[PDB]
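So the structure is just underneath, and the comments pick up after that.
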Amino acid sequence: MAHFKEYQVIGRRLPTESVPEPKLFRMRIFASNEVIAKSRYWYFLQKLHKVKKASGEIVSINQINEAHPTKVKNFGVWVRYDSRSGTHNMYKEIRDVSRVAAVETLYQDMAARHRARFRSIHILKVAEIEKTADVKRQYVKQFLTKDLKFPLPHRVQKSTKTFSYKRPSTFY
Amino acid sequence: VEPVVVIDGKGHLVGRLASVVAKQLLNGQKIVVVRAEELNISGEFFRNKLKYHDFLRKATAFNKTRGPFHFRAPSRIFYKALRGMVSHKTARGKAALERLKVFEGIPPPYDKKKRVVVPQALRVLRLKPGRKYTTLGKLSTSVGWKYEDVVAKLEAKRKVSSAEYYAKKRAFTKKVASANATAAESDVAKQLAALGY
Amino acid sequence: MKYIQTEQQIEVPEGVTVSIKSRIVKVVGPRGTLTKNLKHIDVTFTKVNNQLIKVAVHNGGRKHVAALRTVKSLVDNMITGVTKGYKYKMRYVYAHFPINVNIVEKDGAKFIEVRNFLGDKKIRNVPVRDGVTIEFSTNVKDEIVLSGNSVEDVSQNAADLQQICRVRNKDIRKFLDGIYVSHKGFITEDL
Amino acid sequence: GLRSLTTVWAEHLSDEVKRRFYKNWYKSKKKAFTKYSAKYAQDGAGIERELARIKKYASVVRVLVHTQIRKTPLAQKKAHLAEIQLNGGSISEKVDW
Amino acid sequence: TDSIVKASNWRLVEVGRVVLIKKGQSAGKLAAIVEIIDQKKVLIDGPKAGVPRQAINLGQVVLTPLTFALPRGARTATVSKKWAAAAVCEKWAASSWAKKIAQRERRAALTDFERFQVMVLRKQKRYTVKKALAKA
RNA sequence: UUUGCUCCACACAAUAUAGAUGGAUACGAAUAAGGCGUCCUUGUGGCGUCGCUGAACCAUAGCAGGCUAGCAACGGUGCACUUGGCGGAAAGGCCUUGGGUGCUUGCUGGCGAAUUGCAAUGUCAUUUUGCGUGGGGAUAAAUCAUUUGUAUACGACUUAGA
RNA sequence: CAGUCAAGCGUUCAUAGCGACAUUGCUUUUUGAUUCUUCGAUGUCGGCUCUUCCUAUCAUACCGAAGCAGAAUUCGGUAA
RNA sequence: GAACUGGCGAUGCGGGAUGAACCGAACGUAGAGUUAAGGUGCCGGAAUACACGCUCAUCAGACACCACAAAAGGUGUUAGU
């Protein structure tokens, strides 16, 4: 959809004569902007409990960011993607620096490999990964071994002009 | 920048090469190309062939003569696809055909000056490690070109003559480099290395 | 999934030596030589310690990774064929018409003669490749041996004999008459 | 294709070949190869100039020759000329023959 | 007689190898590998230049055959701690790589008066080299 | 058929332009590799180096580029020749020798300009031709009228004839 | 015309060759459907004639299968 | 053959190669800047832009209206549950 950011939505339907101020909920949304996250709230909310954007409301809508935006981390994910047949449950484990960061790449991944749309992906829960060995994904295991050192063969360049008066080599 | 731009067809990509060439000639550039037989295609021997086969079966029903023209010359092969991306019908595209010139190998006047290349048009650069392709020299031969070893005999005499002159040139630059090093580290050498040269 | 690092290890039998530049090989030794072009796959090789050289791939697909294993396999068969060689056997099968084999040579072409292949009134021949030399097998009834450096020229010349005897318009299961390959080993004994 | 380089000749000819060139022969001056026989006055430095020029480059040999229609029962008198390829050994030794 | 299989020298991707940024907020600064993410993206960090510890693509930065000792996780402190503990600054401007840069860098900062000086000092430079390729 | 005609040194009018205005600046193969300098037993040999764009390199200061003195070297470039070698793919150009010769901005001088009055390309290119100059060289053919059958609706095809 | 699931038939085995109850397609050489087009005109049918194109290949050249022993046939493939 | 709203008839203009209708938009004659629908190697105007990957096809694919395509399989490869 766009570049991602993560927000924090808070609501309580609407207070009443009998019992005002209901339970009071919260959620962790991923939206490039504020209003985007307001729909995602009501999204799963009018799917689990009884409410709407007419019988209830939202108090706060602030953004939540990753504390250490310098360190690359591992991340596990809970997805409920709806195909041209139906809904299934898949488990991913991609290593990215920030949380909202791995979400943008896995969303791009859903279309380049899974062919599913923005309005076709379901995020259940994403518990960050702390321990190696508990690794069950193999594309992950290649970057988790000691002494990750490898040569970079074949080096192409970007031409600024229109010509070349030679025969440039491709070393790296 | 120069009166004419010389083009080396060896190691480039068929259609992408003509595209950039096209633009330059329509801007005001007279151009001559060489060794068009060495233009590299992609895919299998089998594929690229049959495409020319079905192109070979499409001709004016009632007049095979005043209709489609097929070619065995790797040079007018480049002429074909490149003219088909301009209007050879107006005086506009008519003058572009007259500026352009293509050759089967590197003829007499055109190998007494050097030819150039391009990265965004290079076969080697737009080819992923471990890919297939076909060359025009070999397929030009399978389509009906009776001039392979006739011209492979010409390139022999040629590559010998060009290397004999670079023998004298490689040794004459060994003279230029040993004269510039003995006159180096002087007063004008120090002052110039400071100005940026 | 572009396999990051996949690499195999290879042993050299002391006395043999191989020269290499680009993707071009050379196996010099006890019997002969074997030049080879590999500039159609695109891979790397590195000499580590005299009698040991490797092969590697960095970020290569499963078909390119199945090719790293496929060439370490090739490197192996070129070294043993130079020191031991490649010796195969083929027996002629018949039960009625005598299988006659000769050694012909017109102008110096070296072929093999097919006489009486099932009452054959036409003369069939078998072209001989370069490098490998044949020898008629005795002590045994209806056989012969091939001997050289590479498995290609020896067993493709053996596959020559194979399909040259085609039972056209007949029952293969019943009219089982022709030349088949019996033995597949080295020229040296014990191996 | 097959490109023709040098065209060589003889000194004296026949009127059959000289009239092969005229349309109006009953009114001609007969200036047929008059200056070509001037290449036969000089020792012949130019004759071998083109002859050995061919022994160096030219791949094949094809020679021109005219007919003997005077001994023939035909009143045309005009003898035709055509090229006949030489199938011998070495192109240099072919020019010699 | 032995084997001999070329050289096959390459720059290996690792924690401690430095690269040159061509585009971005820097577009001509230096930064070394702090951690590796995958195939095209890595983590840089170069304090002796003024650039941050940022996630970046390999298509926007180049390489160098310069590698010095570095811990797997070392933040800003240990980054230039081993930078100076290796002597990579003098080892960097010790090549024609960076001499090439300052050469055309000073050409884009040349006045026609100082560009005029290059022309004239070369009038006398080429004169002595012509009396050199005439007697030797 | 009035002195006609072809190449050159040229005398002027022209006629247009698919587009002048410092140099189109010449190994080969290879790119999961390579060029270059270098040594030896000249091997698919060892050692060092470069690339990340030709933003390279060479040339370039003067009335659109002048008159001319002196130093230093014996050199460079352009002009017209001379010696020899090479070049067949669409050679007709490239390589080199000897003299004559101008510049010599490689270093230091004497003088010239204006008003063209704050901008107006303010021309220093070349395709081709017509007509007068004088120095070499050459004395052309085809058509029809006529006849022929190897040709034909017709021209054409094809023979011949001072 | 071509399949596909495959109870079975096939002495014994579903798939040698076929294949019911079923289900997926293609075509405009069948007749239908339509009035879009033309009733101030496009000369109906067939035939004789002459040319070309398609392949859903009947035959030949090269080939695999069999309940192909010999022999022949039936199915299939590249190909007009 | 009917119900809704809208079009054309009676409508050019950019676009859909082009087409009565689909999208955008409706119109005096110019001049500038800004966007619509759609695109941007060349035709042909405009980045052979950057990004994350998928595919090698002995008849590839390559954007609504719309220009046709299905069952059913595959140890081709991929992420997988």
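Going through the structure tokens in order, the chains are called A, B, and so on, while each chain numbers its residues from 1 and the ligands are numbered from 1 in the order shown.
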
*Check every residue of chain B for an atom within 12 Å of chain D, counting only C-alpha atoms, and provide those that qualify as a list in words.*
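My answer is residues 145, 146, 147, 148, 150 and 151 of chain B.
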
Enumerate, in order of chain and increasing residue number, the residues of chain A with an atom no farther than 8 Å from chain C, each with its shortest atom pair and distance in Å to one decimal, counting only C-alpha atoms, as a Markdown table.
| residue | atom | partner | partner_atom | distance |
| --- | --- | --- | --- | --- |
| A:139 | CA | C:1 | CA | 6.9 |
| A:142 | CA | C:4 | CA | 6.8 |
| A:150 | CA | C:58 | CA | 6.8 |
| A:151 | CA | C:58 | CA | 7.1 |
| A:152 | CA | C:58 | CA | 7.5 |

Export C-alpha atoms of the chosen residues as a JSON list (two decimals), in the first residue's frame?
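Generated file (selection01.json):
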[["chain", "number", "residue", "atom", "x", "y", "z"],
["A", 139, "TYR", "CA", 16.22, -19.25, 4.24],
["A", 142, "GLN", "CA", 21.77, -19.31, 5.93],
["A", 150, "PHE", "CA", 31.14, -14.53, 0.74],
["A", 151, "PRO", "CA", 32.54, -13.09, -2.57],
["A", 152, "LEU", "CA", 30.39, -10.95, -4.91]]

*Go through segment 83-116 of chain A and collect every residue that DSSP, computed from the backbone, puts in helix (DSSP H, G or I); the answer should be as a PyMOL selection string.*
chain A and resi 99-112

Pull the closest atom pair for each residue of chain H that gets at most 7 Å from chain B, along with the distance in Å to one decimal, counting only C-alpha atoms (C1' of nucleotides), ordering rows by chain and then ascending residue number, as a tab-separated table.
residue	atom	partner	partner_atom	distance
H:41	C1'	B:19	CA	6.5
H:42	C1'	B:19	CA	4.9
H:43	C1'	B:85	CA	4.7
H:48	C1'	B:120	CA	6.5
H:58	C1'	B:46	CA	6.9

Next, write the just-selected residues to a file, as a PDB file, in the first residue's frame, keeping N, CA, C and O atoms (P, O5', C5', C4', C3', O3' and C1' of nucleotides) as the atom set.
ATOM      1  P     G H  41       9.300   3.273 -22.236  1.00  0.00           P
ATOM      2  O5'   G H  41      10.681   3.387 -23.032  1.00  0.00           O
ATOM      3  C5'   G H  41      11.890   3.908 -22.417  1.00  0.00           C
ATOM      4  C4'   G H  41      13.076   3.523 -23.263  1.00  0.00           C
ATOM      5  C3'   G H  41      12.836   3.764 -24.754  1.00  0.00           C
ATOM      6  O3'   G H  41      13.378   5.008 -25.188  1.00  0.00           O
ATOM      7  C1'   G H  41      13.244   1.470 -24.376  1.00  0.00           C
ATOM      8  P     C H  42      12.397   6.210 -25.666  1.00  0.00           P
ATOM      9  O5'   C H  42      12.345   6.051 -27.256  1.00  0.00           O
ATOM     10  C5'   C H  42      13.546   5.950 -28.068  1.00  0.00           C
ATOM     11  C4'   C H  42      13.250   5.187 -29.349  1.00  0.00           C
ATOM     12  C3'   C H  42      12.022   5.665 -30.119  1.00  0.00           C
ATOM     13  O3'   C H  42      12.317   6.773 -30.984  1.00  0.00           O
ATOM     14  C1'   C H  42      11.914   3.314 -29.861  1.00  0.00           C
ATOM     15  P     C H  43      11.340   8.066 -31.007  1.00  0.00           P
ATOM     16  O5'   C H  43      10.105   7.604 -31.914  1.00  0.00           O
ATOM     17  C5'   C H  43      10.314   7.142 -33.279  1.00  0.00           C
ATOM     18  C4'   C H  43       9.130   6.340 -33.773  1.00  0.00           C
ATOM     19  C3'   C H  43       7.791   7.055 -33.831  1.00  0.00           C
ATOM     20  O3'   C H  43       7.694   7.943 -34.952  1.00  0.00           O
ATOM     21  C1'   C H  43       7.504   4.828 -33.053  1.00  0.00           C
ATOM     22  P     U H  48      14.499   7.077 -20.790  1.00  0.00           P
ATOM     23  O5'   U H  48      14.807   5.530 -20.464  1.00  0.00           O
ATOM     24  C5'   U H  48      16.167   4.977 -20.454  1.00  0.00           C
ATOM     25  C4'   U H  48      16.198   3.638 -19.719  1.00  0.00           C
ATOM     26  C3'   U H  48      17.557   3.137 -19.192  1.00  0.00           C
ATOM     27  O3'   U H  48      17.347   2.502 -17.914  1.00  0.00           O
ATOM     28  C1'   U H  48      16.607   1.481 -20.606  1.00  0.00           C
ATOM     29  P     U H  58      10.620 -24.269 -25.615  1.00  0.00           P
ATOM     30  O5'   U H  58      10.209 -25.085 -26.925  1.00  0.00           O
ATOM     31  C5'   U H  58       9.798 -24.404 -28.134  1.00  0.00           C
ATOM     32  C4'   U H  58       9.387 -25.400 -29.210  1.00  0.00           C
ATOM     33  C3'   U H  58       8.287 -26.409 -28.850  1.00  0.00           C
ATOM     34  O3'   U H  58       7.478 -26.670 -30.012  1.00  0.00           O
ATOM     35  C1'   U H  58      10.255 -27.566 -29.478  1.00  0.00           C
TER      36        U H  58
END

Would you tabulate, counting only C-alpha atoms, all residues of chain A that have an atom at most 12 Å from an atom of chain E, showing the closest pair of atoms and their distance in Å to one decimal, sorted by chain then ascending number, as a tab-separated table?
residue	atom	partner	partner_atom	distance
A:68	CA	E:53	CA	11.3
A:69	CA	E:54	CA	8.7
A:70	CA	E:53	CA	6.3
A:71	CA	E:35	CA	8.1
A:72	CA	E:37	CA	7.0
A:73	CA	E:37	CA	9.0
A:74	CA	E:37	CA	10.0
A:94	CA	E:37	CA	10.0
A:95	CA	E:37	CA	7.3
A:96	CA	E:37	CA	7.3
A:97	CA	E:55	CA	8.1
A:98	CA	E:55	CA	10.4
A:101	CA	E:55	CA	10.7
A:102	CA	E:37	CA	11.6
A:139	CA	E:38	CA	9.8
A:140	CA	E:38	CA	9.4
A:141	CA	E:38	CA	11.4
A:142	CA	E:38	CA	9.2
A:143	CA	E:38	CA	7.0
A:144	CA	E:37	CA	10.0
A:145	CA	E:36	CA	11.8
A:146	CA	E:72	CA	10.3
A:147	CA	E:14	CA	7.9
A:148	CA	E:14	CA	6.5
A:149	CA	E:13	CA	5.1
A:150	CA	E:12	CA	4.6
A:151	CA	E:12	CA	4.3
A:152	CA	E:11	CA	6.7
A:153	CA	E:10	CA	7.6
A:154	CA	E:10	CA	10.5
A:155	CA	E:62	CA	10.1
A:156	CA	E:59	CA	9.6
A:157	CA	E:59	CA	9.1
A:158	CA	E:59	CA	9.5
A:170	CA	E:10	CA	11.5
A:171	CA	E:10	CA	8.0
A:172	CA	E:10	CA	5.9

Give me the chain A side of the contact with chain H, cut-off 12 Å, one line per residue showing its nearest atom pair and distance in Å at one decimal, counting only C-alpha atoms (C1' of nucleotides), sorted by chain and residue number, as CSV.
residue,atom,partner,partner_atom,distance
A:2,CA,H:51,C1',11.9
A:3,CA,H:51,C1',11.5
A:79,CA,H:81,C1',11.6
A:80,CA,H:81,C1',11.3
A:81,CA,H:81,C1',11.7
A:87,CA,H:81,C1',11.2
A:88,CA,H:81,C1',7.5
A:89,CA,H:81,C1',6.7
A:90,CA,H:81,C1',6.4
A:91,CA,H:81,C1',8.7
A:92,CA,H:80,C1',9.7
A:102,CA,H:52,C1',11.5
A:103,CA,H:52,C1',12.0
A:104,CA,H:52,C1',9.4
A:105,CA,H:52,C1',6.6
A:106,CA,H:52,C1',8.8
A:107,CA,H:52,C1',9.3
A:108,CA,H:52,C1',5.9
A:109,CA,H:52,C1',6.7
A:110,CA,H:53,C1',9.6
A:111,CA,H:53,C1',8.8
A:112,CA,H:53,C1',5.3
A:113,CA,H:54,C1',5.8
A:114,CA,H:79,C1',7.5
A:115,CA,H:54,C1',9.6
A:137,CA,H:80,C1',10.5
A:138,CA,H:79,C1',11.8
A:139,CA,H:79,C1',11.1
A:158,CA,H:48,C1',10.3
A:159,CA,H:48,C1',10.0
A:160,CA,H:48,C1',11.6
A:161,CA,H:48,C1',12.0
A:162,CA,H:48,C1',10.5

Atoms kept (N, CA and C atoms) for selection, written as an mmCIF file, in the first residue's frame:
data_model
loop_
_atom_site.group_PDB
_atom_site.id
_atom_site.type_symbol
_atom_site.label_atom_id
_atom_site.label_comp_id
_atom_site.auth_asym_id
_atom_site.auth_seq_id
_atom_site.Cartn_x
_atom_site.Cartn_y
_atom_site.Cartn_z
ATOM 1 N N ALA A 2 1.875 1.315 0.849
ATOM 2 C CA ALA A 2 2.769 2.472 0.988
ATOM 3 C C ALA A 2 3.915 2.170 1.954
ATOM 4 N N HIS A 3 4.572 3.218 2.450
ATOM 5 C CA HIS A 3 5.647 3.061 3.432
ATOM 6 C C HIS A 3 4.903 2.912 4.778
ATOM 7 N N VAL A 79 -0.301 -15.123 10.337
ATOM 8 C CA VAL A 79 -1.060 -14.670 9.167
ATOM 9 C C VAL A 79 -2.263 -15.565 8.828
ATOM 10 N N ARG A 80 -3.357 -14.913 8.438
ATOM 11 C CA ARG A 80 -4.602 -15.576 8.036
ATOM 12 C C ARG A 80 -4.938 -14.962 6.667
ATOM 13 N N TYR A 81 -4.254 -15.425 5.622
ATOM 14 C CA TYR A 81 -4.468 -14.900 4.271
ATOM 15 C C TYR A 81 -5.659 -15.578 3.548
ATOM 16 N N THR A 87 -9.609 -18.986 3.348
ATOM 17 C CA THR A 87 -8.642 -18.602 4.369
ATOM 18 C C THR A 87 -7.774 -19.776 4.880
ATOM 19 N N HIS A 88 -6.472 -19.521 5.031
ATOM 20 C CA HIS A 88 -5.517 -20.517 5.537
ATOM 21 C C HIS A 88 -4.636 -19.852 6.589
ATOM 22 N N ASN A 89 -3.838 -20.667 7.272
ATOM 23 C CA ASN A 89 -2.938 -20.167 8.304
ATOM 24 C C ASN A 89 -1.480 -20.516 8.004
ATOM 25 N N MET A 90 -0.677 -19.472 7.788
ATOM 26 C CA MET A 90 0.746 -19.599 7.464
ATOM 27 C C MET A 90 1.628 -18.953 8.541
ATOM 28 N N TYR A 91 2.851 -19.460 8.679
ATOM 29 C CA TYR A 91 3.782 -18.923 9.663
ATOM 30 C C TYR A 91 5.117 -18.466 9.040
ATOM 31 N N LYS A 92 5.417 -17.174 9.191
ATOM 32 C CA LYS A 92 6.656 -16.602 8.656
ATOM 33 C C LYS A 92 7.657 -16.165 9.725
ATOM 34 N N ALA A 102 9.578 -5.015 8.827
ATOM 35 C CA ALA A 102 9.425 -6.379 8.296
ATOM 36 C C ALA A 102 8.024 -6.577 7.692
ATOM 37 N N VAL A 103 7.088 -5.741 8.139
ATOM 38 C CA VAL A 103 5.702 -5.771 7.674
ATOM 39 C C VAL A 103 5.594 -5.238 6.243
ATOM 40 N N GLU A 104 6.350 -4.186 5.934
ATOM 41 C CA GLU A 104 6.327 -3.613 4.594
ATOM 42 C C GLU A 104 6.933 -4.595 3.580
ATOM 43 N N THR A 105 7.973 -5.333 3.982
ATOM 44 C CA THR A 105 8.625 -6.293 3.080
ATOM 45 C C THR A 105 7.831 -7.590 2.898
ATOM 46 N N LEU A 106 7.091 -7.980 3.934
ATOM 47 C CA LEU A 106 6.285 -9.199 3.891
ATOM 48 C C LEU A 106 4.962 -8.962 3.152
ATOM 49 N N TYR A 107 4.578 -7.690 3.048
ATOM 50 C CA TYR A 107 3.358 -7.295 2.354
ATOM 51 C C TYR A 107 3.699 -7.297 0.855
ATOM 52 N N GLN A 108 4.916 -6.835 0.545
ATOM 53 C CA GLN A 108 5.447 -6.790 -0.825
ATOM 54 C C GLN A 108 5.693 -8.228 -1.266
ATOM 55 N N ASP A 109 5.965 -9.089 -0.287
ATOM 56 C CA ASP A 109 6.244 -10.502 -0.517
ATOM 57 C C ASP A 109 4.959 -11.287 -0.829
ATOM 58 N N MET A 110 3.859 -10.841 -0.230
ATOM 59 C CA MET A 110 2.560 -11.458 -0.432
ATOM 60 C C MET A 110 2.061 -11.314 -1.866
ATOM 61 N N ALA A 111 2.551 -10.297 -2.574
ATOM 62 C CA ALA A 111 2.128 -10.085 -3.955
ATOM 63 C C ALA A 111 3.133 -10.600 -5.000
ATOM 64 N N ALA A 112 4.424 -10.582 -4.662
ATOM 65 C CA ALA A 112 5.479 -11.036 -5.575
ATOM 66 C C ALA A 112 5.605 -12.562 -5.613
ATOM 67 N N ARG A 113 5.057 -13.219 -4.593
ATOM 68 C CA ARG A 113 5.103 -14.675 -4.501
ATOM 69 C C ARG A 113 3.710 -15.293 -4.259
ATOM 70 N N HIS A 114 2.869 -14.609 -3.481
ATOM 71 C CA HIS A 114 1.539 -15.117 -3.142
ATOM 72 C C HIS A 114 0.378 -14.534 -3.938
ATOM 73 N N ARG A 115 0.647 -13.453 -4.671
ATOM 74 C CA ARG A 115 -0.359 -12.785 -5.508
ATOM 75 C C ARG A 115 -1.585 -12.225 -4.758
ATOM 76 N N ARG A 137 12.786 -22.322 9.765
ATOM 77 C CA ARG A 137 12.784 -21.816 8.392
ATOM 78 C C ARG A 137 14.231 -21.844 7.867
ATOM 79 N N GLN A 138 14.414 -22.415 6.676
ATOM 80 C CA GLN A 138 15.747 -22.582 6.074
ATOM 81 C C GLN A 138 16.419 -21.377 5.382
ATOM 82 N N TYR A 139 15.628 -20.430 4.874
ATOM 83 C CA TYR A 139 16.216 -19.250 4.236
ATOM 84 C C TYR A 139 16.827 -18.375 5.339
ATOM 85 N N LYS A 158 25.676 1.501 -13.744
ATOM 86 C CA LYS A 158 24.631 2.369 -14.286
ATOM 87 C C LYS A 158 25.293 3.477 -15.118
ATOM 88 N N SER A 159 24.995 3.502 -16.421
ATOM 89 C CA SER A 159 25.571 4.486 -17.351
ATOM 90 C C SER A 159 24.912 5.875 -17.284
ATOM 91 N N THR A 160 25.752 6.890 -17.067
ATOM 92 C CA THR A 160 25.313 8.286 -16.962
ATOM 93 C C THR A 160 25.151 8.958 -18.340
ATOM 94 N N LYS A 161 25.952 8.500 -19.304
ATOM 95 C CA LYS A 161 25.917 9.016 -20.669
ATOM 96 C C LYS A 161 25.059 8.121 -21.571
ATOM 97 N N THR A 162 25.496 8.003 -22.824
ATOM 98 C CA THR A 162 24.822 7.191 -23.839
ATOM 99 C C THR A 162 25.827 6.236 -24.501
#

*Could you write out as a ChimeraX atom specification the residues of chain E within 10 Å of chain B, counting only C-alpha atoms?*
/E:99-100,102-110,114-115,117-122,124-126,128-133,136

*Those of chain D in DSSP strand (DSSP E or B), formatted as number ranges by chain*: D: 62-66, 81-85

*With a cut-off of 10 Å and counting only C-alpha atoms (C1' of nucleotides), select all residues of chain F in contact with chain E and give the selection as a count of residues only.*
18

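Atom CA of residue 101 of chain B is found 10.2 Å from atom CA of residue 78 of chain B.
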
Proximity check chain F to chain D, 7 Å, nearest pairs one decimal Å, only C-alpha atoms (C1' of nucleotides), as a Markdown table:
| residue | atom | partner | partner_atom | distance |
| --- | --- | --- | --- | --- |
| F:159 | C1' | D:76 | CA | 6.0 |
| F:161 | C1' | D:26 | CA | 5.9 |
| F:162 | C1' | D:27 | CA | 6.7 |

*Nearest to residue 48 of chain D among D:2, D:79, D:90, D:9, with distances taken over only C-alpha atoms: which residue is it?*
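Closest candidate: D:9.
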
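Residues in contact with residue 15 of chain A at up to 10 Å, not including ones fewer than 6 positions away on its chain and judged by only C-alpha atoms (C1' of nucleotides), are residues 21, 22, 55 and 56 of chain A.
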
*What is the atom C1' of residue 56 of chain F to atom CA of residue 168 of chain A distance in Å?*
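So the two atoms, atom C1' of residue 56 of chain F and atom CA of residue 168 of chain A, lie 13.1 Å apart.
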
*Identify, on the basis of only C-alpha atoms (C1' of nucleotides), every residue whose closest approach to residue 133 of chain F does not exceed 12 Å; exclude the query and any residue fewer than 2 positions from it along the same chain; express the result as number ranges by chain.*
F: 9-12, 131, 135

_For segment 132-147 of chain C: contacts at 9 Å, only C-alpha atoms (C1' of nucleotides), fewer than 6 positions along chain excluded, given as a PyMOL selection string_ = chain C and resi 85-93+99+153-155+157-158+186-187
